[PDB]
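Content type TSV, C-alpha atoms and all ligand atoms, from the file upload-v7.tsv:
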```tsv
chain	number	residue	atom	x	y	z
A	3	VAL	CA	10.83	-10.58	-31.30
A	4	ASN	CA	8.50	-7.56	-31.40
A	5	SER	CA	5.06	-6.65	-30.06
A	6	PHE	CA	3.15	-6.80	-33.36
A	7	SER	CA	0.42	-9.42	-33.00
A	8	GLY	CA	-2.28	-10.76	-35.29
A	9	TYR	CA	-0.41	-10.39	-38.60
A	10	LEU	CA	-0.43	-12.72	-41.58
A	11	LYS	CA	3.13	-13.29	-42.83
A	12	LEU	CA	3.35	-12.59	-46.56
A	13	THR	CA	7.12	-12.84	-47.05
A	14	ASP	CA	10.33	-12.94	-45.04
A	15	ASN	CA	9.86	-9.27	-44.10
A	16	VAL	CA	6.26	-8.18	-44.90
A	17	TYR	CA	3.28	-8.78	-42.60
A	18	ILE	CA	-0.35	-7.64	-42.98
A	19	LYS	CA	-3.19	-7.17	-40.46
A	20	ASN	CA	-6.80	-6.01	-40.62
A	21	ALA	CA	-6.43	-3.10	-38.22
A	22	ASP	CA	-6.98	0.62	-37.91
A	23	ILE	CA	-3.47	2.07	-38.16
A	24	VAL	CA	-4.49	4.66	-35.53
A	25	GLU	CA	-5.39	2.02	-32.94
A	26	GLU	CA	-2.49	-0.26	-33.89
A	27	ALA	CA	-0.06	2.62	-33.35
A	28	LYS	CA	-1.65	3.52	-30.01
A	29	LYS	CA	-1.43	-0.13	-28.90
A	30	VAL	CA	2.08	-0.89	-30.15
A	31	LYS	CA	3.74	2.54	-29.88
A	32	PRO	CA	6.10	1.57	-32.72
A	33	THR	CA	9.40	3.29	-33.29
A	34	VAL	CA	8.04	4.41	-36.69
A	35	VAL	CA	4.50	4.87	-37.98
A	36	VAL	CA	4.17	5.81	-41.64
A	37	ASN	CA	1.76	8.55	-42.70
A	38	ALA	CA	0.18	8.70	-46.16
A	39	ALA	CA	1.28	12.31	-46.63
A	40	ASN	CA	1.03	14.86	-49.41
A	41	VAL	CA	3.80	17.27	-50.39
A	42	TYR	CA	2.31	20.10	-48.29
A	43	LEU	CA	1.85	17.91	-45.20
A	44	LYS	CA	-1.82	18.97	-45.13
A	45	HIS	CA	-3.37	16.11	-43.17
A	46	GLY	CA	-6.98	16.55	-44.19
A	47	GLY	CA	-8.36	13.10	-44.88
A	48	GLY	CA	-7.63	9.44	-45.39
A	49	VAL	CA	-4.88	7.99	-43.23
A	50	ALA	CA	-3.31	11.42	-42.64
A	51	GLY	CA	-6.53	13.03	-41.47
A	52	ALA	CA	-7.07	10.14	-39.05
A	53	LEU	CA	-3.53	10.13	-37.65
A	54	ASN	CA	-3.57	13.90	-37.26
A	55	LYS	CA	-6.96	13.83	-35.51
A	56	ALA	CA	-5.59	11.25	-33.07
A	57	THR	CA	-2.78	13.71	-32.19
A	58	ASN	CA	-5.32	16.48	-31.44
A	59	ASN	CA	-3.91	18.43	-34.45
A	60	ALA	CA	-0.37	18.49	-32.98
A	61	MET	CA	0.88	16.66	-36.09
A	62	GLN	CA	-0.53	19.45	-38.28
A	63	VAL	CA	1.02	22.20	-36.14
A	64	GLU	CA	4.44	20.52	-36.32
A	65	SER	CA	4.01	19.92	-40.05
A	66	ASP	CA	3.15	23.55	-40.78
A	67	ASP	CA	6.37	24.64	-39.09
A	68	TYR	CA	8.30	22.03	-41.10
A	69	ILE	CA	6.89	23.33	-44.41
A	70	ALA	CA	7.46	26.97	-43.46
A	71	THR	CA	11.14	26.14	-42.89
A	72	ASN	CA	11.84	23.58	-45.62
A	73	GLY	CA	9.19	23.92	-48.32
A	74	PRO	CA	7.18	21.05	-49.79
A	75	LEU	CA	8.31	17.47	-50.07
A	76	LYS	CA	8.75	15.70	-53.41
A	77	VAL	CA	6.29	13.09	-54.65
A	78	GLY	CA	8.11	9.88	-53.76
A	79	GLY	CA	9.90	11.60	-50.88
A	80	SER	CA	9.57	11.65	-47.11
A	81	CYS	CA	10.50	13.35	-43.89
A	82	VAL	CA	10.81	12.15	-40.29
A	83	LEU	CA	8.82	14.09	-37.69
A	84	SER	CA	7.50	13.32	-34.22
A	85	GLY	CA	5.16	10.42	-33.69
A	86	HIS	CA	3.38	12.38	-30.93
A	87	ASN	CA	1.16	10.04	-28.87
A	88	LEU	CA	1.20	7.36	-31.60
A	89	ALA	CA	4.85	6.35	-32.07
A	90	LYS	CA	8.35	7.62	-31.44
A	91	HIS	CA	8.59	8.96	-35.00
A	92	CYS	CA	6.25	9.50	-37.92
A	93	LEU	CA	7.71	8.90	-41.38
A	94	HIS	CA	5.61	11.10	-43.68
A	95	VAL	CA	5.82	9.43	-47.11
A	96	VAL	CA	4.32	10.93	-50.28
A	97	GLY	CA	3.01	8.30	-52.66
A	98	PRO	CA	1.71	9.45	-56.05
A	99	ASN	CA	-1.92	10.57	-56.05
A	100	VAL	CA	-3.67	9.18	-59.14
A	101	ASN	CA	-6.52	11.66	-58.57
A	102	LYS	CA	-3.96	14.43	-59.16
A	103	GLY	CA	-2.63	12.64	-62.26
A	104	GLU	CA	0.68	11.77	-60.61
A	105	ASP	CA	3.16	9.24	-61.98
A	106	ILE	CA	2.38	5.79	-60.55
A	107	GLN	CA	6.00	4.73	-61.15
A	108	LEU	CA	6.94	7.02	-58.24
A	109	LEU	CA	5.31	4.44	-55.95
A	110	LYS	CA	8.54	2.41	-55.87
A	111	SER	CA	10.54	5.51	-54.91
A	112	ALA	CA	8.01	6.19	-52.15
A	113	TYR	CA	8.42	2.69	-50.70
A	114	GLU	CA	12.23	2.98	-50.81
A	115	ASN	CA	11.96	5.43	-47.91
A	116	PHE	CA	10.88	2.51	-45.71
A	117	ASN	CA	14.33	0.90	-46.12
A	118	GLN	CA	15.86	3.59	-43.89
A	119	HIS	CA	14.01	2.10	-40.88
A	120	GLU	CA	14.51	-1.39	-39.48
A	121	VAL	CA	10.85	-1.84	-38.47
A	122	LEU	CA	7.74	0.18	-39.42
A	123	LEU	CA	3.98	0.20	-39.00
A	124	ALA	CA	2.53	1.41	-42.28
A	125	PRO	CA	-0.48	1.77	-44.58
A	126	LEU	CA	-0.37	0.74	-48.22
A	127	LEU	CA	0.99	3.74	-50.09
A	128	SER	CA	-1.24	5.44	-52.65
A	129	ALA	CA	-4.27	3.40	-51.51
A	130	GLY	CA	-7.69	4.79	-50.69
A	131	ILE	CA	-8.17	8.42	-51.68
A	132	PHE	CA	-4.77	8.44	-53.43
A	133	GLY	CA	-6.51	6.39	-56.13
A	134	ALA	CA	-4.05	3.57	-56.84
A	135	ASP	CA	-4.86	-0.13	-57.04
A	136	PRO	CA	-4.10	-1.49	-53.53
A	137	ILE	CA	-3.14	-4.90	-54.97
A	138	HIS	CA	-0.47	-3.14	-57.04
A	139	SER	CA	0.67	-1.16	-54.00
A	140	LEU	CA	1.12	-4.36	-52.00
A	141	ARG	CA	3.13	-5.89	-54.86
A	142	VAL	CA	5.43	-2.86	-55.04
A	143	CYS	CA	5.80	-2.94	-51.25
A	144	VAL	CA	6.88	-6.58	-51.20
A	145	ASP	CA	9.25	-6.07	-54.15
A	146	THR	CA	10.83	-2.87	-52.75
A	147	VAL	CA	10.88	-2.90	-48.95
A	148	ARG	CA	13.60	-5.04	-47.39
A	149	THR	CA	13.16	-3.94	-43.77
A	150	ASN	CA	10.41	-5.33	-41.53
A	151	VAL	CA	7.07	-3.78	-42.44
A	152	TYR	CA	3.77	-4.34	-40.62
A	153	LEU	CA	0.91	-3.24	-42.88
A	154	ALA	CA	-2.41	-2.21	-41.31
A	155	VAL	CA	-5.51	-2.29	-43.55
A	156	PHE	CA	-8.70	-0.91	-42.01
A	157	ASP	CA	-11.25	-2.29	-44.45
A	158	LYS	CA	-11.93	-5.99	-43.88
A	159	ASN	CA	-13.31	-6.41	-47.41
A	160	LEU	CA	-10.11	-5.01	-48.91
A	161	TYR	CA	-7.90	-6.99	-46.52
A	162	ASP	CA	-9.45	-10.29	-47.60
A	163	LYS	CA	-9.09	-9.39	-51.29
A	164	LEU	CA	-5.43	-8.49	-50.70
A	165	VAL	CA	-4.77	-11.79	-48.93
A	166	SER	CA	-6.70	-13.89	-51.45
A	167	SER	CA	-4.94	-12.33	-54.48
A	168	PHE	CA	-1.37	-12.32	-53.14
A	169	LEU	CA	1.16	-14.19	-55.24
A	201	LIG	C1	-8.99	5.63	-39.23
A	201	LIG	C2	-8.32	5.12	-40.50
A	201	LIG	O1	-8.52	5.64	-41.60
A	201	LIG	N1	-7.49	4.09	-40.32
A	201	LIG	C3	-6.89	3.42	-41.38
A	201	LIG	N2	-6.10	2.38	-41.16
A	201	LIG	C4	-5.69	1.80	-42.36
A	201	LIG	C5	-6.21	2.41	-43.46
A	201	LIG	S1	-5.93	1.98	-45.16
A	201	LIG	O2	-4.87	2.87	-45.61
A	201	LIG	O3	-5.63	0.54	-45.16
A	201	LIG	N3	-7.27	2.35	-45.98
A	201	LIG	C6	-8.36	1.57	-45.83
A	201	LIG	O4	-8.46	0.60	-45.09
A	201	LIG	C7	-9.57	1.96	-46.71
A	201	LIG	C8	-10.77	2.19	-45.80
A	201	LIG	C9	-12.06	1.76	-46.18
A	201	LIG	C10	-13.15	1.98	-45.33
A	201	LIG	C11	-12.96	2.66	-44.12
A	201	LIG	CL1	-14.32	2.93	-43.10
A	201	LIG	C12	-11.68	3.11	-43.76
A	201	LIG	CL2	-11.44	3.98	-42.29
A	201	LIG	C13	-10.59	2.88	-44.60
A	201	LIG	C14	-9.32	3.06	-47.78
A	201	LIG	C15	-8.94	1.96	-48.78
A	201	LIG	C16	-9.67	0.96	-47.89
A	201	LIG	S2	-7.23	3.76	-43.06
```
How would this structure read if it were set down as structure tokens?
Amino acid sequence: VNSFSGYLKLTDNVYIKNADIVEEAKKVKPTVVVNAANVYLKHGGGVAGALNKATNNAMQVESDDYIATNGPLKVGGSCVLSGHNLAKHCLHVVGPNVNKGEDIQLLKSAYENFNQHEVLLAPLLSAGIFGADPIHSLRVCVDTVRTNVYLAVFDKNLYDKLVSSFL
């Protein structure tokens, strides 16, 4: 039993809610919240901009130190950093950005990072300003993630389309 409430069950291990990931993280304080990161951990917009804003830019400060020490992530890769006021940990995961011309096949590799964590609050990878088809992202999620994932979708219109098209 966990504290995630108001989720539709899609499969044995995948759940989906119409919720702002920022507010869901603040409410639940999950062990892991996933960020829709880029390789430079520059949290300017989309999910990342919103999560970082909610940390009062502390996520960005921590991220800049991480990059100065370690260099950029790989597309499809991830790192674990602090969750600040939102979660114990933040798993920064880099899905491919279609608007940069990046390989959509890397989406499966990106979701594989979730399997290193027993339970996660997450957005759909490569959705929104990353330019992928969110229905495809949900399919890859369900077919790749084996741990317990709670997906938060802000847009009600999108959420209903995701539910109504799910096989
Ligand atoms: C604060 C914040 O951004 N919180 C998020 N939680 C979850 C998400 S998301 O990754 O599911 N993206 C979305 O819902 C979209 C969206 C459409 C319209 C608006 Cl107004 C917003 Cl904010 C987001 C982008 C693709 C639909 S963004």
Closest atom pairs, chain A residues within 12 Å of ligand LIG 201 (chain A), all atoms listed in the file, as CSV:
```
residue,atom,partner,partner_atom,distance
A:18,CA,A:LIG201,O3,10.0
A:19,CA,A:LIG201,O3,9.4
A:20,CA,A:LIG201,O3,8.1
A:21,CA,A:LIG201,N2,6.2
A:22,CA,A:LIG201,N2,3.8
A:23,CA,A:LIG201,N2,4.0
A:24,CA,A:LIG201,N1,5.7
A:25,CA,A:LIG201,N1,7.9
A:26,CA,A:LIG201,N2,8.5
A:27,CA,A:LIG201,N2,9.9
A:28,CA,A:LIG201,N1,11.9
A:35,CA,A:LIG201,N2,11.3
A:36,CA,A:LIG201,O2,10.3
A:37,CA,A:LIG201,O2,9.2
A:38,CA,A:LIG201,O2,7.7
A:39,CA,A:LIG201,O2,11.3
A:45,CA,A:LIG201,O1,11.8
A:46,CA,A:LIG201,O1,11.3
A:47,CA,A:LIG201,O1,8.2
A:48,CA,A:LIG201,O1,5.4
A:49,CA,A:LIG201,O1,4.6
A:50,CA,A:LIG201,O1,7.9
A:51,CA,A:LIG201,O1,7.7
A:52,CA,A:LIG201,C1,4.9
A:53,CA,A:LIG201,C1,7.2
A:54,CA,A:LIG201,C1,10.1
A:55,CA,A:LIG201,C1,9.2
A:56,CA,A:LIG201,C1,9.0
A:97,CA,A:LIG201,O2,11.9
A:123,CA,A:LIG201,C4,10.4
A:124,CA,A:LIG201,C4,8.2
A:125,CA,A:LIG201,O2,4.6
A:126,CA,A:LIG201,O2,5.6
A:127,CA,A:LIG201,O2,7.4
A:128,CA,A:LIG201,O2,8.3
A:129,CA,A:LIG201,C15,5.6
A:130,CA,A:LIG201,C15,3.6
A:131,CA,A:LIG201,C14,6.7
A:132,CA,A:LIG201,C15,9.0
A:133,CA,A:LIG201,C15,8.9
A:134,CA,A:LIG201,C15,9.6
A:135,CA,A:LIG201,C15,9.4
A:136,CA,A:LIG201,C15,7.6
A:137,CA,A:LIG201,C15,10.9
A:139,CA,A:LIG201,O2,10.8
A:140,CA,A:LIG201,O3,10.8
A:152,CA,A:LIG201,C4,11.4
A:153,CA,A:LIG201,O3,7.9
A:154,CA,A:LIG201,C4,5.3
A:155,CA,A:LIG201,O3,3.3
A:156,CA,A:LIG201,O4,3.4
A:157,CA,A:LIG201,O4,4.1
A:158,CA,A:LIG201,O4,7.5
A:159,CA,A:LIG201,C16,8.2
A:160,CA,A:LIG201,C16,6.1
A:161,CA,A:LIG201,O4,7.7
A:162,CA,A:LIG201,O4,11.2
A:163,CA,A:LIG201,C16,10.9
A:164,CA,A:LIG201,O3,10.6
```
Would you mind telling me which residue in A:13, A:150, A:111, A:4 lies nearest to residue 80 (chain A) when using all atoms listed in the file?
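Nearest candidate to residue 80 (chain A) out of A:13, A:150, A:111, A:4: A:111.
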Hey, what's within 8 Å of residue 147 (chain A) if we count all atoms listed in the file and toss same-chain stuff fewer than 6 positions away? As a compact mmCIF listing (two decimals) with C-alpha atoms, keeping the file's coordinate frame, please?
```txt
# COMPACT_ATOMS: atom_id res chain seq x y z
CA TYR A 113 8.42 2.69 -50.70
CA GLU A 114 12.23 2.98 -50.81
CA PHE A 116 10.88 2.51 -45.71
CA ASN A 117 14.33 0.90 -46.12
```
Could you give me the centre and size, in Å to one decimal, of an axis-aligned box around all listed atoms of region 21-29 of chain A with 8 Å added on every side, as lines of an AutoDock Vina configuration file?
```
center_x = -3.5
center_y = 0.8
center_z = -33.6
size_x = 22.9
size_y = 23.8
size_z = 25.3
```
Selected residue, from A:119, A:165, A:11, A:41, that lies nearest to residue 92 (chain A) when counting all atoms listed in the file:
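Using all atoms listed in the file, the shortest distance to residue 92 (chain A) belongs to A:119.
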For region 58-64 of chain A, find every residue with an atom within 8 Å (counting all atoms listed in the file), except residues of its own chain fewer than 4 positions away, and show them as a PyMOL selection string.
chain A and resi 43-45+54+68+83-86
Mind giving me the straight-line distance from CA of residue 120 (chain A) to CA of residue 33 (chain A) in Å, one decimal?
9.3 Å
Taking only C-alpha atoms into account, which of A:30, A:89, A:122, A:95 comes nearest residue 76 (chain A)?
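Residue with the minimum atom-to-atom distance to residue 76 (chain A): A:95.
Relative to CA of residue 5 (chain A), CA of residue 65 (chain A) is found at 28.4 Å.
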Between CA of residue 93 (chain A) and CA of residue 34 (chain A), distance in Å (one decimal)
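Going from CA of residue 93 (chain A) over to CA of residue 34 (chain A), I get 6.5 Å.
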May I ask which of the residues A:101, A:71, A:57, A:167 is the closest one to residue 141 (chain A), counting all atoms listed in the file?
A:167
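Each of A:148, A:31, A:90, A:102 was checked against residue 77 (chain A) using only C-alpha atoms; the smallest atom-to-atom distance is that of A:102.
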Would you output region 26-163 of chain A from that structure, restricted to C-alpha atoms, as an mmCIF file, in the first residue's frame?
```cif
data_model
loop_
_atom_site.group_PDB
_atom_site.id
_atom_site.type_symbol
_atom_site.label_atom_id
_atom_site.label_comp_id
_atom_site.auth_asym_id
_atom_site.auth_seq_id
_atom_site.Cartn_x
_atom_site.Cartn_y
_atom_site.Cartn_z
ATOM 1 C CA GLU A 26 1.478 15.554 -6.812
ATOM 2 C CA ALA A 27 5.110 15.451 -5.681
ATOM 3 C CA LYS A 28 4.498 18.075 -2.997
ATOM 4 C CA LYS A 29 1.471 16.124 -1.742
ATOM 5 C CA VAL A 30 2.957 12.628 -1.862
ATOM 6 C CA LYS A 31 6.659 13.363 -1.236
ATOM 7 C CA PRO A 32 7.565 10.222 -3.202
ATOM 8 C CA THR A 33 10.883 8.484 -2.833
ATOM 9 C CA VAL A 34 11.534 9.279 -6.517
ATOM 10 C CA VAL A 35 10.133 11.957 -8.819
ATOM 11 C CA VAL A 36 11.241 11.778 -12.447
ATOM 12 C CA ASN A 37 12.310 14.930 -14.270
ATOM 13 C CA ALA A 38 12.050 15.333 -18.052
ATOM 14 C CA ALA A 39 15.687 16.409 -18.302
ATOM 15 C CA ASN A 40 18.033 17.320 -21.123
ATOM 16 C CA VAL A 41 21.686 16.271 -21.317
ATOM 17 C CA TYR A 42 22.883 19.600 -19.867
ATOM 18 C CA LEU A 43 20.397 19.533 -16.968
ATOM 19 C CA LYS A 44 19.232 23.008 -18.037
ATOM 20 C CA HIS A 45 15.747 23.100 -16.524
ATOM 21 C CA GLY A 46 14.258 25.894 -18.593
ATOM 22 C CA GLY A 47 10.753 24.823 -19.530
ATOM 23 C CA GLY A 48 8.232 22.034 -19.672
ATOM 24 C CA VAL A 49 8.255 19.644 -16.732
ATOM 25 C CA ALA A 50 11.852 20.524 -15.825
ATOM 26 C CA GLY A 51 11.228 24.260 -15.727
ATOM 27 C CA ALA A 52 8.217 23.678 -13.483
ATOM 28 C CA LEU A 53 9.970 21.285 -11.091
ATOM 29 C CA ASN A 54 12.989 23.564 -10.860
ATOM 30 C CA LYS A 55 10.812 26.628 -10.206
ATOM 31 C CA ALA A 56 9.104 24.738 -7.378
ATOM 32 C CA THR A 57 12.551 24.191 -5.784
ATOM 33 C CA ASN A 58 13.310 27.936 -5.931
ATOM 34 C CA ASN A 59 16.124 27.152 -8.446
ATOM 35 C CA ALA A 60 17.920 24.816 -5.998
ATOM 36 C CA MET A 61 17.547 21.987 -8.521
ATOM 37 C CA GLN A 62 19.366 24.090 -11.131
ATOM 38 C CA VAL A 63 22.183 25.012 -8.731
ATOM 39 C CA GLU A 64 22.721 21.351 -7.820
ATOM 40 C CA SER A 65 22.511 20.358 -11.486
ATOM 41 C CA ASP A 66 25.125 22.905 -12.575
ATOM 42 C CA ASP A 67 27.560 21.457 -10.040
ATOM 43 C CA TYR A 68 26.768 17.935 -11.291
ATOM 44 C CA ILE A 69 27.526 18.903 -14.909
ATOM 45 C CA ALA A 70 30.695 20.787 -13.968
ATOM 46 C CA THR A 71 31.968 17.594 -12.298
ATOM 47 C CA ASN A 72 30.635 14.877 -14.603
ATOM 48 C CA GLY A 73 29.828 16.415 -17.978
ATOM 49 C CA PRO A 74 26.570 15.954 -19.873
ATOM 50 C CA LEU A 75 24.292 12.962 -19.673
ATOM 51 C CA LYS A 76 23.559 10.726 -22.666
ATOM 52 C CA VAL A 77 20.230 10.826 -24.489
ATOM 53 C CA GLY A 78 18.469 7.821 -22.981
ATOM 54 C CA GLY A 79 20.468 8.168 -19.759
ATOM 55 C CA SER A 80 19.799 9.447 -16.269
ATOM 56 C CA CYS A 81 21.251 10.553 -12.976
ATOM 57 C CA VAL A 82 19.929 10.570 -9.411
ATOM 58 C CA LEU A 83 20.052 13.916 -7.592
ATOM 59 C CA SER A 84 18.206 15.424 -4.642
ATOM 60 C CA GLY A 85 14.448 15.737 -4.732
ATOM 61 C CA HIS A 86 14.691 18.965 -2.702
ATOM 62 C CA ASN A 87 11.244 19.908 -1.318
ATOM 63 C CA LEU A 88 9.450 17.629 -3.810
ATOM 64 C CA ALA A 89 10.706 14.085 -3.136
ATOM 65 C CA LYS A 90 13.597 12.252 -1.534
ATOM 66 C CA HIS A 91 15.331 11.886 -4.905
ATOM 67 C CA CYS A 92 14.897 13.242 -8.406
ATOM 68 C CA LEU A 93 15.694 10.851 -11.254
ATOM 69 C CA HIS A 94 16.665 13.128 -14.150
ATOM 70 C CA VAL A 95 15.900 11.107 -17.305
ATOM 71 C CA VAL A 96 16.746 12.290 -20.827
ATOM 72 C CA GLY A 97 14.208 11.176 -23.395
ATOM 73 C CA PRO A 98 14.909 11.947 -27.051
ATOM 74 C CA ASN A 99 13.814 15.413 -28.174
ATOM 75 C CA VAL A 100 12.149 15.164 -31.591
ATOM 76 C CA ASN A 101 12.525 18.944 -31.989
ATOM 77 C CA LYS A 102 16.301 18.378 -31.895
ATOM 78 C CA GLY A 103 16.004 15.503 -34.390
ATOM 79 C CA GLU A 104 16.890 12.865 -31.794
ATOM 80 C CA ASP A 105 16.372 9.126 -32.272
ATOM 81 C CA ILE A 106 12.909 8.153 -31.019
ATOM 82 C CA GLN A 107 14.120 4.572 -30.468
ATOM 83 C CA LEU A 108 16.110 5.919 -27.496
ATOM 84 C CA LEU A 109 12.770 6.325 -25.704
ATOM 85 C CA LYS A 110 12.877 2.676 -24.599
ATOM 86 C CA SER A 111 16.393 3.133 -23.190
ATOM 87 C CA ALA A 112 15.162 6.222 -21.335
ATOM 88 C CA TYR A 113 12.307 4.291 -19.710
ATOM 89 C CA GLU A 114 14.669 1.458 -18.689
ATOM 90 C CA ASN A 115 16.123 3.838 -16.089
ATOM 91 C CA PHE A 116 12.817 3.598 -14.210
ATOM 92 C CA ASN A 117 13.459 -0.113 -13.516
ATOM 93 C CA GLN A 118 16.197 0.818 -11.030
ATOM 94 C CA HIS A 119 13.527 2.212 -8.652
ATOM 95 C CA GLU A 120 10.741 0.198 -7.041
ATOM 96 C CA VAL A 121 8.202 3.064 -7.153
ATOM 97 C CA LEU A 122 8.279 6.378 -9.058
ATOM 98 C CA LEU A 123 6.155 9.425 -9.778
ATOM 99 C CA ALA A 124 6.808 10.379 -13.387
ATOM 100 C CA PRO A 125 5.773 12.314 -16.488
ATOM 101 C CA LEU A 126 5.494 10.684 -19.887
ATOM 102 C CA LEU A 127 8.979 10.837 -21.375
ATOM 103 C CA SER A 128 9.504 12.865 -24.548
ATOM 104 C CA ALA A 129 5.991 14.352 -24.287
ATOM 105 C CA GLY A 130 5.127 18.028 -24.572
ATOM 106 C CA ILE A 131 7.985 20.209 -25.789
ATOM 107 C CA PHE A 132 10.123 17.111 -26.454
ATOM 108 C CA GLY A 133 7.858 16.582 -29.466
ATOM 109 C CA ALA A 134 7.004 12.871 -29.311
ATOM 110 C CA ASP A 135 3.545 11.338 -29.604
ATOM 111 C CA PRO A 136 2.354 10.903 -25.986
ATOM 112 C CA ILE A 137 0.288 7.841 -26.951
ATOM 113 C CA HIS A 138 3.498 6.211 -28.188
ATOM 114 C CA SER A 139 5.330 7.262 -25.028
ATOM 115 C CA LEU A 140 2.662 5.615 -22.869
ATOM 116 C CA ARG A 141 2.926 2.418 -24.938
ATOM 117 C CA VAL A 142 6.712 2.306 -24.536
ATOM 118 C CA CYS A 143 6.316 2.978 -20.810
ATOM 119 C CA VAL A 144 3.911 0.078 -20.310
ATOM 120 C CA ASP A 145 6.060 -2.251 -22.429
ATOM 121 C CA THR A 146 9.370 -1.291 -20.740
ATOM 122 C CA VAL A 147 8.831 -0.335 -17.101
ATOM 123 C CA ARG A 148 8.351 -3.265 -14.728
ATOM 124 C CA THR A 149 8.504 -1.338 -11.447
ATOM 125 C CA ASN A 150 5.528 0.604 -10.076
ATOM 126 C CA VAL A 151 5.080 3.851 -11.993
ATOM 127 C CA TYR A 152 2.543 6.576 -11.223
ATOM 128 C CA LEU A 153 2.186 8.831 -14.263
ATOM 129 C CA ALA A 154 0.969 12.416 -13.800
ATOM 130 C CA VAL A 155 -0.493 14.188 -16.858
ATOM 131 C CA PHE A 156 -1.335 17.867 -16.389
ATOM 132 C CA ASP A 157 -3.543 18.419 -19.423
ATOM 133 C CA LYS A 158 -7.035 16.986 -18.945
ATOM 134 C CA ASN A 159 -7.648 16.894 -22.711
ATOM 135 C CA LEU A 160 -4.514 14.798 -23.236
ATOM 136 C CA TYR A 161 -5.255 12.586 -20.229
ATOM 137 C CA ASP A 162 -8.674 11.630 -21.603
ATOM 138 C CA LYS A 163 -7.214 10.885 -25.043
#
```
